[PDB]
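What follows is the content of structure_38.cif, which has mmCIF, C-alpha atoms and all ligand atoms:
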```cif
data_model
loop_
_atom_site.label_atom_id
_atom_site.label_comp_id
_atom_site.auth_asym_id
_atom_site.auth_seq_id
_atom_site.Cartn_x
_atom_site.Cartn_y
_atom_site.Cartn_z
CA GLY B 1 13.22 15.15 -31.92
CA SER B 2 13.60 12.23 -29.52
CA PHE B 3 16.56 10.85 -27.56
CA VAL B 4 15.46 7.25 -27.09
CA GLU B 5 18.85 6.80 -25.44
CA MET B 6 17.94 8.82 -22.32
CA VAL B 7 14.20 7.94 -22.14
CA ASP B 8 13.12 6.15 -18.93
CA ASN B 9 16.47 6.72 -17.23
CA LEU B 10 14.77 7.92 -14.04
CA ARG B 11 13.53 5.96 -11.03
CA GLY B 12 11.49 6.49 -7.87
CA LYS B 13 8.35 8.28 -6.75
CA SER B 14 7.23 11.71 -5.50
CA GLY B 15 7.73 10.37 -2.01
CA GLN B 16 11.47 9.84 -1.75
CA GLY B 17 12.27 11.48 -5.08
CA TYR B 18 13.25 10.60 -8.66
CA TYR B 19 16.95 9.79 -9.10
CA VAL B 20 19.13 9.00 -12.11
CA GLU B 21 22.33 6.97 -12.50
CA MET B 22 25.85 8.41 -12.60
CA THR B 23 29.45 7.28 -12.25
CA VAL B 24 31.81 9.27 -10.09
CA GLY B 25 35.58 8.99 -10.47
CA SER B 26 38.19 6.63 -11.86
CA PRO B 27 37.39 3.91 -12.14
CA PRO B 28 33.62 4.51 -12.45
CA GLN B 29 31.73 4.31 -9.17
CA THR B 30 28.06 3.93 -9.99
CA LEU B 31 25.74 5.98 -7.80
CA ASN B 32 22.07 6.91 -7.98
CA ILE B 33 21.85 10.69 -7.89
CA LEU B 34 18.61 12.34 -6.77
CA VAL B 35 17.40 14.85 -9.34
CA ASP B 36 16.83 18.16 -7.53
CA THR B 37 16.17 21.28 -9.58
CA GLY B 38 15.93 23.29 -6.36
CA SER B 39 19.63 23.23 -5.38
CA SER B 40 22.96 23.65 -7.20
CA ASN B 41 25.42 21.39 -5.37
CA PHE B 42 26.45 17.98 -6.58
CA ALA B 43 26.81 16.10 -3.29
CA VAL B 44 27.19 12.34 -2.96
CA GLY B 45 27.60 10.23 0.14
CA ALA B 46 31.29 9.78 0.79
CA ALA B 47 31.15 7.66 3.90
CA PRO B 48 29.32 4.67 5.40
CA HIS B 49 25.78 5.42 6.58
CA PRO B 50 22.70 3.51 7.86
CA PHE B 51 20.71 4.29 4.70
CA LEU B 52 23.45 4.02 2.07
CA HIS B 53 23.98 0.79 0.14
CA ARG B 54 27.13 2.20 -1.47
CA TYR B 55 29.05 5.46 -1.32
CA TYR B 56 31.77 7.61 -2.87
CA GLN B 57 35.25 6.26 -2.14
CA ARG B 58 37.80 9.00 -3.04
CA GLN B 59 40.69 6.91 -1.76
CA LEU B 60 39.84 4.63 -4.71
CA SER B 61 39.41 7.31 -7.40
CA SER B 62 42.57 7.96 -9.39
CA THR B 63 41.32 11.35 -10.52
CA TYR B 64 39.84 12.73 -7.33
CA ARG B 65 40.98 16.25 -6.48
CA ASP B 66 41.00 17.83 -3.01
CA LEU B 67 40.08 21.50 -2.65
CA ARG B 68 40.83 21.75 1.05
CA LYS B 69 37.54 23.59 1.50
CA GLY B 70 34.52 22.37 3.44
CA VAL B 71 30.81 23.04 3.06
CA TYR B 72 27.77 23.25 5.30
CA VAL B 73 24.34 23.01 3.69
CA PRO B 74 20.87 23.41 5.27
CA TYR B 75 17.66 22.29 3.56
CA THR B 76 14.02 23.20 4.19
CA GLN B 77 14.00 19.85 6.01
CA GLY B 78 17.53 18.56 6.47
CA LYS B 79 21.20 19.45 6.07
CA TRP B 80 24.53 17.83 5.17
CA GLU B 81 28.18 18.69 5.82
CA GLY B 82 30.95 17.70 3.42
CA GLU B 83 34.39 18.24 1.92
CA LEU B 84 34.63 19.96 -1.50
CA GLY B 85 36.68 18.45 -4.31
CA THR B 86 36.49 17.38 -7.95
CA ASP B 87 36.43 14.20 -10.03
CA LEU B 88 35.40 12.78 -13.40
CA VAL B 89 31.65 12.34 -13.71
CA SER B 90 29.62 10.52 -16.38
CA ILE B 91 25.96 9.79 -17.04
CA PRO B 92 25.59 6.14 -18.18
CA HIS B 93 22.14 6.69 -19.70
CA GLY B 94 22.80 10.25 -20.84
CA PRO B 95 24.83 12.14 -23.47
CA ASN B 96 28.05 10.22 -24.08
CA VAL B 97 30.48 12.49 -22.24
CA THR B 98 32.73 12.60 -19.17
CA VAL B 99 33.04 15.93 -17.36
CA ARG B 100 35.00 17.09 -14.32
CA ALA B 101 32.66 18.72 -11.86
CA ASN B 102 32.76 19.87 -8.29
CA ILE B 103 31.73 17.00 -6.05
CA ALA B 104 30.82 17.73 -2.45
CA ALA B 105 31.70 14.55 -0.57
CA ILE B 106 29.09 14.34 2.19
CA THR B 107 30.92 13.20 5.33
CA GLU B 108 28.26 13.98 7.93
CA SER B 109 24.52 14.55 7.60
CA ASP B 110 21.33 14.79 9.64
CA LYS B 111 17.89 13.84 8.34
CA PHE B 112 18.94 13.94 4.67
CA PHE B 113 19.52 10.43 3.37
CA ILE B 114 16.07 8.91 3.05
CA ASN B 115 15.73 5.31 4.21
CA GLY B 116 14.72 3.17 1.26
CA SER B 117 14.96 5.98 -1.30
CA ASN B 118 17.85 4.17 -2.97
CA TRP B 119 19.82 7.27 -4.03
CA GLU B 120 23.14 8.12 -2.43
CA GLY B 121 23.61 11.58 -3.90
CA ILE B 122 21.89 14.77 -5.03
CA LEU B 123 22.30 16.67 -8.32
CA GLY B 124 21.62 20.38 -7.87
CA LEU B 125 20.30 21.44 -11.27
CA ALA B 126 19.79 25.10 -10.31
CA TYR B 127 22.02 28.12 -10.82
CA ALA B 128 25.27 29.18 -9.13
CA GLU B 129 23.52 31.92 -7.13
CA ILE B 130 22.23 29.34 -4.65
CA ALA B 131 25.33 27.10 -4.62
CA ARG B 132 27.22 26.46 -1.37
CA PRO B 133 29.54 27.89 -0.10
CA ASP B 134 29.44 30.74 -2.64
CA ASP B 135 28.30 31.29 -6.20
CA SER B 136 31.76 30.41 -7.47
CA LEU B 137 31.35 26.63 -7.09
CA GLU B 138 30.36 25.92 -10.67
CA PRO B 139 27.19 23.84 -10.64
CA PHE B 140 27.41 20.55 -12.51
CA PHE B 141 25.14 21.36 -15.43
CA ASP B 142 27.38 24.31 -16.18
CA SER B 143 30.56 22.29 -16.18
CA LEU B 144 28.65 20.02 -18.55
CA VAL B 145 27.57 22.78 -20.92
CA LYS B 146 31.05 24.35 -20.82
CA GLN B 147 33.08 21.17 -21.35
CA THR B 148 30.82 19.66 -24.02
CA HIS B 149 28.52 20.68 -26.83
CA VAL B 150 25.36 19.47 -25.12
CA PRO B 151 22.74 22.23 -25.69
CA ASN B 152 22.27 24.31 -22.53
CA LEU B 153 18.90 22.78 -21.72
CA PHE B 154 17.36 19.75 -20.00
CA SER B 155 13.79 18.50 -19.69
CA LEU B 156 11.99 16.46 -17.09
CA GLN B 157 9.29 13.82 -17.12
CA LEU B 158 8.42 12.48 -13.67
CA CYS B 159 5.88 9.66 -13.47
CA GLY B 160 3.77 8.90 -10.44
CA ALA B 161 2.55 5.32 -10.46
CA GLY B 162 -0.81 6.51 -9.15
CA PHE B 163 -0.67 3.73 -6.62
CA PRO B 164 1.79 2.75 -3.85
CA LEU B 165 4.88 0.82 -4.98
CA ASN B 166 7.03 -1.50 -2.88
CA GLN B 167 10.83 -1.07 -2.82
CA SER B 168 11.00 -3.99 -5.26
CA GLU B 169 8.70 -2.22 -7.73
CA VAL B 170 10.53 1.08 -7.42
CA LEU B 171 13.80 -0.58 -8.45
CA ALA B 172 12.18 -2.48 -11.29
CA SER B 173 10.09 0.44 -12.55
CA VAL B 174 10.45 3.54 -14.74
CA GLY B 175 10.23 6.51 -12.38
CA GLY B 176 10.52 9.00 -15.20
CA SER B 177 12.84 10.46 -17.81
CA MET B 178 15.35 13.31 -17.71
CA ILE B 179 16.38 14.27 -21.24
CA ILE B 180 19.83 15.88 -21.06
CA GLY B 181 20.23 18.57 -23.72
CA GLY B 182 16.97 18.11 -25.61
CA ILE B 183 13.22 17.55 -25.84
CA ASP B 184 11.70 14.15 -26.67
CA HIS B 185 8.21 14.55 -28.17
CA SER B 186 7.17 11.04 -27.10
CA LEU B 187 6.87 12.23 -23.48
CA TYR B 188 4.06 14.71 -24.04
CA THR B 189 0.87 15.66 -25.86
CA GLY B 190 -0.63 19.03 -26.63
CA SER B 191 1.48 22.08 -27.40
CA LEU B 192 4.25 23.19 -25.08
CA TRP B 193 3.58 26.57 -23.44
CA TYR B 194 6.41 28.64 -21.92
CA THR B 195 6.68 30.93 -18.92
CA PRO B 196 9.71 33.19 -18.38
CA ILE B 197 12.31 32.50 -15.69
CA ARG B 198 12.45 35.56 -13.45
CA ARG B 199 15.95 35.43 -11.93
CA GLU B 200 18.56 32.82 -12.80
CA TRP B 201 19.14 31.58 -9.25
CA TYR B 202 16.39 29.10 -8.32
CA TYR B 203 14.18 28.13 -11.25
CA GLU B 204 11.81 31.01 -10.51
CA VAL B 205 8.51 31.62 -12.25
CA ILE B 206 5.53 33.82 -11.57
CA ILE B 207 1.96 32.78 -10.91
CA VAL B 208 -0.76 35.26 -11.88
CA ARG B 209 -4.02 33.43 -11.09
CA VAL B 210 -5.24 30.40 -9.12
CA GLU B 211 -8.51 28.46 -9.54
CA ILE B 212 -10.22 25.58 -7.72
CA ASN B 213 -12.82 23.82 -9.87
CA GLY B 214 -12.60 27.00 -11.94
CA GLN B 215 -13.41 29.31 -9.06
CA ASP B 216 -10.81 32.08 -8.91
CA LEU B 217 -9.21 32.05 -5.49
CA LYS B 218 -9.30 35.83 -6.10
CA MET B 219 -6.17 37.01 -4.29
CA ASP B 220 -3.67 39.78 -4.93
CA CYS B 221 -1.39 37.74 -7.19
CA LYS B 222 1.71 38.96 -5.32
CA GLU B 223 0.51 36.71 -2.46
CA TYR B 224 0.87 33.69 -4.75
CA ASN B 225 4.43 34.71 -5.42
CA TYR B 226 5.04 35.85 -1.82
CA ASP B 227 8.80 35.58 -1.44
CA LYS B 228 9.03 33.46 -4.63
CA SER B 229 7.61 30.63 -6.73
CA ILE B 230 9.94 27.85 -7.87
CA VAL B 231 9.89 24.62 -9.87
CA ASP B 232 11.72 22.26 -7.53
CA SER B 233 11.80 18.55 -8.41
CA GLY B 234 13.37 17.92 -5.01
CA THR B 235 10.32 18.99 -3.05
CA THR B 236 7.33 16.65 -2.91
CA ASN B 237 4.24 18.64 -2.09
CA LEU B 238 2.88 21.72 -3.74
CA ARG B 239 4.04 24.27 -1.18
CA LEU B 240 1.87 27.39 -0.94
CA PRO B 241 2.28 30.61 1.14
CA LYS B 242 0.11 30.55 4.29
CA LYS B 243 -2.42 33.25 3.27
CA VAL B 244 -2.86 31.39 -0.05
CA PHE B 245 -2.66 27.82 1.20
CA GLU B 246 -5.38 28.67 3.71
CA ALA B 247 -7.60 30.02 0.93
CA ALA B 248 -6.80 26.96 -1.14
CA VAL B 249 -7.75 24.53 1.61
CA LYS B 250 -10.99 26.36 2.30
CA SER B 251 -11.79 25.84 -1.39
CA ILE B 252 -10.63 22.24 -1.80
CA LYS B 253 -12.55 21.50 1.40
CA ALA B 254 -15.76 23.16 0.23
CA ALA B 255 -15.65 21.49 -3.19
CA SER B 256 -15.41 18.03 -1.57
CA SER B 257 -17.85 18.70 1.27
CA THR B 258 -20.05 15.73 0.30
CA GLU B 259 -17.34 13.93 2.28
CA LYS B 260 -15.68 15.29 5.39
CA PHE B 261 -12.14 14.44 6.47
CA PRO B 262 -10.11 14.94 9.68
CA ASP B 263 -8.05 18.12 10.09
CA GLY B 264 -5.03 15.83 10.17
CA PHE B 265 -5.62 14.97 6.52
CA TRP B 266 -5.92 18.55 5.31
CA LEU B 267 -2.74 19.30 7.21
CA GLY B 268 -0.89 16.80 5.03
CA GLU B 269 -0.21 14.54 8.01
CA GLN B 270 -2.60 11.59 8.05
CA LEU B 271 -3.90 9.51 5.16
CA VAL B 272 -7.42 8.84 3.92
CA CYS B 273 -8.58 5.40 2.90
CA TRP B 274 -11.10 4.07 0.41
CA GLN B 275 -12.30 0.60 -0.51
CA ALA B 276 -10.21 -0.82 -3.34
CA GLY B 277 -10.54 1.25 -6.50
CA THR B 278 -13.50 3.32 -5.27
CA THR B 279 -11.62 6.53 -4.64
CA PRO B 280 -14.03 9.45 -5.41
CA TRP B 281 -11.64 11.22 -7.76
CA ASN B 282 -14.67 13.15 -8.92
CA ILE B 283 -15.67 14.82 -5.64
CA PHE B 284 -12.27 16.51 -5.43
CA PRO B 285 -11.52 19.72 -7.43
CA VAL B 286 -8.92 20.38 -10.10
CA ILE B 287 -6.29 23.05 -9.54
CA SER B 288 -5.41 25.48 -12.28
CA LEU B 289 -2.26 27.52 -11.94
CA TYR B 290 -1.97 30.46 -14.30
CA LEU B 291 1.64 31.16 -15.23
CA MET B 292 3.04 34.23 -16.94
CA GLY B 293 3.64 33.91 -20.65
CA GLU B 294 6.41 35.27 -22.84
CA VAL B 295 4.16 37.50 -24.92
CA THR B 296 3.34 40.65 -22.98
CA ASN B 297 -0.11 40.73 -21.34
CA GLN B 298 -0.61 37.07 -22.18
CA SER B 299 -0.73 34.07 -19.81
CA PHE B 300 -1.36 30.31 -19.94
CA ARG B 301 -2.33 27.72 -17.37
CA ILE B 302 -1.55 24.24 -16.05
CA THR B 303 -4.31 22.20 -14.46
CA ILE B 304 -3.85 19.25 -12.13
CA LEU B 305 -6.35 16.66 -10.92
CA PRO B 306 -6.58 15.19 -7.43
CA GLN B 307 -4.49 12.33 -8.84
CA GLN B 308 -1.62 14.80 -8.61
CA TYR B 309 -2.28 16.42 -5.27
CA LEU B 310 -3.51 13.32 -3.46
CA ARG B 311 -0.28 11.33 -2.92
CA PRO B 312 -0.53 7.52 -2.94
CA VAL B 313 0.86 5.76 0.17
CA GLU B 314 0.60 2.21 1.52
CA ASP B 315 -2.48 1.05 3.43
CA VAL B 316 -2.66 1.87 7.15
CA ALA B 317 -1.97 -1.83 7.66
CA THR B 318 -0.79 -2.77 4.15
CA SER B 319 -4.10 -4.35 3.04
CA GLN B 320 -6.34 -3.75 0.00
CA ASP B 321 -7.54 -0.20 0.42
CA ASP B 322 -6.31 2.72 -1.65
CA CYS B 323 -5.00 5.53 0.55
CA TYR B 324 -3.35 8.92 0.05
CA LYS B 325 -2.18 12.05 1.86
CA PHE B 326 -3.24 15.55 0.90
CA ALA B 327 -0.07 16.79 -0.80
CA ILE B 328 -0.51 20.60 -0.58
CA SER B 329 1.09 22.31 2.41
CA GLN B 330 1.90 25.85 3.54
CA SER B 331 5.32 27.38 2.99
CA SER B 332 7.23 30.06 4.85
CA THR B 333 9.48 30.32 1.82
CA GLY B 334 7.00 31.03 -0.95
CA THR B 335 5.56 28.66 -3.51
CA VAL B 336 7.09 25.30 -4.32
CA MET B 337 5.74 23.55 -7.40
CA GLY B 338 7.23 20.24 -6.33
CA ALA B 339 7.35 16.69 -7.63
CA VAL B 340 3.57 16.13 -7.60
CA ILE B 341 2.65 19.08 -9.79
CA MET B 342 5.57 18.14 -12.04
CA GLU B 343 4.25 14.63 -12.27
CA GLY B 344 1.44 16.17 -14.26
CA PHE B 345 3.62 17.60 -16.98
CA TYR B 346 6.72 17.33 -19.14
CA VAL B 347 8.81 20.29 -18.05
CA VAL B 348 11.44 21.73 -20.33
CA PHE B 349 14.12 23.53 -18.32
CA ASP B 350 15.40 25.59 -21.22
CA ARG B 351 18.14 27.58 -19.51
CA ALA B 352 19.33 28.83 -22.88
CA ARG B 353 16.22 30.84 -23.84
CA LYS B 354 15.77 31.54 -20.11
CA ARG B 355 12.29 30.00 -19.99
CA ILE B 356 10.58 26.91 -18.57
CA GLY B 357 8.51 24.60 -20.71
CA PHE B 358 5.16 23.08 -19.79
CA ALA B 359 3.36 20.29 -21.63
CA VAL B 360 0.87 17.59 -20.72
CA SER B 361 2.99 14.59 -19.71
CA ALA B 362 2.33 11.45 -21.71
CA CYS B 363 2.45 9.61 -18.37
CA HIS B 364 0.37 11.55 -15.88
CA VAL B 365 -2.32 9.70 -13.91
CA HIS B 366 -5.95 10.45 -14.80
CA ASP B 367 -9.41 8.96 -15.30
CA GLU B 368 -11.67 8.84 -18.36
CA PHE B 369 -13.55 12.00 -17.34
CA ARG B 370 -10.74 14.43 -16.54
CA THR B 371 -7.24 14.88 -17.88
CA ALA B 372 -4.50 17.24 -16.72
CA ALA B 373 -3.84 20.19 -19.03
CA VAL B 374 -1.76 23.10 -20.27
CA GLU B 375 -4.10 25.57 -21.96
CA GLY B 376 -3.54 29.04 -23.42
CA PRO B 377 -3.41 31.99 -24.15
CA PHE B 378 -5.19 34.35 -21.74
CA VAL B 379 -5.29 38.13 -21.89
CA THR B 380 -4.39 39.30 -18.38
CA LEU B 381 -2.53 42.47 -17.44
CA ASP B 382 0.15 43.86 -15.13
CA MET B 383 1.64 40.46 -14.32
CA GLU B 384 5.04 42.01 -13.67
CA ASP B 385 3.27 43.36 -10.60
CA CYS B 386 2.57 39.84 -9.36
CA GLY B 387 6.32 39.71 -8.92
CA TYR B 388 7.85 40.08 -5.47
CA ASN B 389 10.61 42.56 -4.68
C1 LIG J 401 16.39 15.05 0.24
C2 LIG J 401 15.73 16.38 0.66
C3 LIG J 401 16.33 16.78 2.04
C4 LIG J 401 15.92 17.50 -0.44
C5 LIG J 401 15.28 18.89 -0.12
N1 LIG J 401 13.80 18.80 0.13
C6 LIG J 401 13.16 19.41 1.23
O1 LIG J 401 13.72 20.09 2.10
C7 LIG J 401 11.62 19.16 1.30
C8 LIG J 401 10.86 20.50 1.06
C9 LIG J 401 9.32 20.37 0.91
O2 LIG J 401 8.60 21.32 1.20
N2 LIG J 401 8.81 19.16 0.42
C10 LIG J 401 7.33 18.99 0.22
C11 LIG J 401 6.87 17.67 0.76
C12 LIG J 401 6.63 17.72 2.27
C13 LIG J 401 6.20 16.33 2.80
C14 LIG J 401 5.96 16.30 4.32
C15 LIG J 401 7.25 15.97 5.09
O3 LIG J 401 8.32 16.87 4.71
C16 LIG J 401 9.46 16.97 5.53
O4 LIG J 401 9.36 17.29 6.73
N3 LIG J 401 10.79 16.74 5.07
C17 LIG J 401 11.30 16.36 3.70
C18 LIG J 401 11.07 14.84 3.33
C19 LIG J 401 11.64 14.44 1.92
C20 LIG J 401 11.71 13.90 4.39
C21 LIG J 401 10.70 17.36 2.67
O5 LIG J 401 9.71 17.15 2.01
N4 LIG J 401 11.34 18.54 2.59
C22 LIG J 401 15.52 19.93 -1.28
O6 LIG J 401 14.32 20.10 -2.07
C23 LIG J 401 16.03 21.29 -0.70
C24 LIG J 401 15.45 22.71 -1.07
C25 LIG J 401 13.95 22.90 -0.82
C26 LIG J 401 16.26 23.76 -0.26
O7 LIG J 401 15.93 24.08 0.89
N5 LIG J 401 17.40 24.28 -0.93
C27 LIG J 401 18.40 25.28 -0.37
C28 LIG J 401 17.61 26.58 -0.04
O8 LIG J 401 16.73 26.98 -0.78
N6 LIG J 401 18.01 27.21 1.16
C29 LIG J 401 17.40 28.46 1.68
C30 LIG J 401 17.61 28.63 3.19
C31 LIG J 401 18.63 29.50 3.74
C32 LIG J 401 18.80 29.64 5.16
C33 LIG J 401 17.95 28.92 6.06
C34 LIG J 401 16.93 28.05 5.53
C35 LIG J 401 16.77 27.92 4.12
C36 LIG J 401 19.61 25.53 -1.36
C37 LIG J 401 20.63 26.53 -0.83
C38 LIG J 401 20.39 24.25 -1.67
#
```

Rewrite the structure of this file - the entire thing - as structure tokens.
Ligand SMILES: CC(C)C[C@H](NC(=O)[C@@H]1CC(=O)NCCCCCCOC(=O)N[C@@H](C(C)C)C(=O)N1)[C@@H](O)C[C@@H](C)C(=O)N[C@H](C(=O)NCc1ccccc1)C(C)C
Amino acid sequence: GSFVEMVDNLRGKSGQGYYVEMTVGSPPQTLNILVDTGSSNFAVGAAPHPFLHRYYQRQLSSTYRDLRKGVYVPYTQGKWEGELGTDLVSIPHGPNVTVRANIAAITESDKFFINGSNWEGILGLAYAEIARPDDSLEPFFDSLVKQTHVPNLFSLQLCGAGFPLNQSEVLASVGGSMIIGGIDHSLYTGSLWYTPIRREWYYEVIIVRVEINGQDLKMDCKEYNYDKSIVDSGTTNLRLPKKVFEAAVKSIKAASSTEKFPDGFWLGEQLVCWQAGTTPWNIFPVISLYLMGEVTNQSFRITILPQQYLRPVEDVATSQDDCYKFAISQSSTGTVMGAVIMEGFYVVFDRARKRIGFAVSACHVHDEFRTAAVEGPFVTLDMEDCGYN
């Protein structure tokens, strides 16, 4: 019904990511672990580093176990190298349990640890399939479901402040909430629609239709799923395949033509500024992603406002304007429904019934004229075709 215990246990923003607190080893070594549903490794910093305020100190853990096996790991933008082992892990603000899970002690890394982010590790919530080195390194959530009773399911509620926050605010703020082994009704409104999980590797879903201000982008759906479509809390923007992305931008551009912006902006690089609280939320279009449903020939949709795709950043010269960056970029690796999009809903990663939940988050940013949404059902056909093989 509601797990008040775990509510608000997240912290951060779509920028650097939303992390949760965990203790590694004996005695407990508190560490803020970045919540990433797009990976499967549990890797914490295990050495001193420019951007780490504290790290994993095996020499001091009485239960640390060496596996004399290393691990290299590349990321769409980054990569770390570490030494595989095991230790006792616990989630302070989570189910009351202690589980032994594989911990990849990051000993060397390039462009991975974000400066200021405030998290020293990453929790790969995905499936073995994508784990490194091989699919035999039992992801953490599995160890958890195997060693305890905790239902095999977790939900996510990421909250974007809607405005830029300073490192002080981040710390003393409620990024979001990750409910371990349950669904807390207080985090969402409306019904909760479900889309099937294609293959249990990444958290893969299938998109069947895409609209901009209601105008069907009208593309062969496969293109939307080109390569694959995933729900990855570790990615910030809404990554879209070139052919699509390009169509999307042509639309978003056209719908906001009353105002023109530099190419830089549309290419997610530079920001756009507006006088304090005068941002034209209304001249920008809403994006509606149609996801496959569980009932044959039936689909539902999620709709986001520009308060989701226009990412808040600090003023060019930290003043009084309100600025953002277009947060939709092309992807050579398919579609990535990242942090932003997620910020618009309460997602139930129900691994058990192999399906992902989507509800309107009780904490998504909006105005009094438009609200995000999860509406359904819709009679569409041959959606299995939208799939990519
Ligand atoms: C802390 C951070 C480094 C975590 C990773 N995030 C990333 O790599 C994200 C992906 C993305 O599209 N974000 C959209 C916002 C763009 C903003 C503009 C700036 O973006 C950037 O240039 N870089 C970063 C930011 C955070 C600094 C970033 O955003 N990269 C994580 O999500 C990793 C995922 C995406 C990943 O790549 N997982 C592996 C994978 O899928 N690998 C496939 C592969 C195999 C062989 C070669 C290449 C890839 C898996 C095995 C663990």

*Would you mind listing the residues within 6 Å of ligand LIG 401 (chain J), counting all atoms listed in the file, as a ChimeraX atom specification?*
/B:16,38-39,75-78,112,130,234-237,239

*asked:* Using all atoms listed in the file - which residues lie no farther than 10 Å from the point (4.2, 19.1, -17.4) in the file's frame? Write them as a ChimeraX atom specification.
replied: /B:155-158,187-189,192-193,302-304,341-348,357-364,372-374

List as CSV every residue of region 268-299 of chain B that is in contact with region 377-389 of chain B, defined as an atom at most 12 Å from one of its atoms (using all atoms listed in the file), together with the nearest atom pair and the distance in Å rounded to one decimal, sorted by chain and then rising number.
```
residue,atom,partner,partner_atom,distance
B:290,CA,B:378,CA,9.0
B:291,CA,B:383,CA,9.3
B:292,CA,B:383,CA,6.9
B:293,CA,B:377,CA,8.1
B:294,CA,B:377,CA,10.4
B:295,CA,B:377,CA,9.4
B:296,CA,B:381,CA,8.3
B:297,CA,B:381,CA,4.9
B:298,CA,B:379,CA,4.8
B:299,CA,B:378,CA,4.9
```

*Using only C-alpha atoms, pick whichever of B:35, B:105, B:273, B:91 has the shortest atom-to-atom distance to residue 56 (chain B).*
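Closest candidate: B:105.
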
Radius query 9 Å about (26.9, 19.9, 1.6), atoms used: all atoms listed in the file, as an mmCIF file with C-alpha atoms, keeping the file's coordinate frame:
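So part-v5.cif came out as:
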```cif
data_model
loop_
_atom_site.group_PDB
_atom_site.id
_atom_site.type_symbol
_atom_site.label_atom_id
_atom_site.label_comp_id
_atom_site.auth_asym_id
_atom_site.auth_seq_id
_atom_site.Cartn_x
_atom_site.Cartn_y
_atom_site.Cartn_z
ATOM 1 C CA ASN B 41 25.420 21.390 -5.370
ATOM 2 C CA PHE B 42 26.450 17.980 -6.580
ATOM 3 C CA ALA B 43 26.810 16.100 -3.290
ATOM 4 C CA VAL B 44 27.190 12.340 -2.960
ATOM 5 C CA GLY B 70 34.520 22.370 3.440
ATOM 6 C CA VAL B 71 30.810 23.040 3.060
ATOM 7 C CA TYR B 72 27.770 23.250 5.300
ATOM 8 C CA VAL B 73 24.340 23.010 3.690
ATOM 9 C CA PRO B 74 20.870 23.410 5.270
ATOM 10 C CA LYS B 79 21.200 19.450 6.070
ATOM 11 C CA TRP B 80 24.530 17.830 5.170
ATOM 12 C CA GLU B 81 28.180 18.690 5.820
ATOM 13 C CA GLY B 82 30.950 17.700 3.420
ATOM 14 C CA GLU B 83 34.390 18.240 1.920
ATOM 15 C CA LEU B 84 34.630 19.960 -1.500
ATOM 16 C CA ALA B 104 30.820 17.730 -2.450
ATOM 17 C CA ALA B 105 31.700 14.550 -0.570
ATOM 18 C CA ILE B 106 29.090 14.340 2.190
ATOM 19 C CA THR B 107 30.920 13.200 5.330
ATOM 20 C CA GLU B 108 28.260 13.980 7.930
ATOM 21 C CA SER B 109 24.520 14.550 7.600
ATOM 22 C CA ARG B 132 27.220 26.460 -1.370
ATOM 23 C CA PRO B 133 29.540 27.890 -0.100
#
```

*Compare B:368, B:142, B:129, B:259 by their minimum atom-to-atom distance to residue 201 (chain B), counting only C-alpha atoms, and give me the closest one.*
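Checking each candidate against residue 201 (chain B), we get B:129 as the closest.
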
*Could you pull the residues within 9 Å of region 178-186 of chain B, counting only C-alpha atoms, minus those fewer than 2 positions along the same chain, as a ChimeraX atom specification?*
/B:1-10,20,35,94-95,145,150-158,176,188-189,348,350,362

*Within 12 Å of residue 263 (chain B), counting only C-alpha atoms, which residues show up once you throw out same-chain ones fewer than 5 positions away? Write them as a list in words, please.*
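Close residues of residue 263 (chain B): residues 249, 250, 253, 268, 269, 270, 271, 272, 325 and 326 of chain B.
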
_For residue 51 (chain B), the nearest of the candidates B:114, B:125, B:172, B:356, counting all atoms listed in the file_ =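 Distance minimum relative to residue 51 (chain B) lands on B:114.
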
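Nearest to residue 65 (chain B) of all the residues B:267, B:103, B:22, B:217 is B:103, counting all atoms listed in the file.
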
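Going from CA of residue 311 (chain B) to CA of residue 365 (chain B) covers 11.3 Å.
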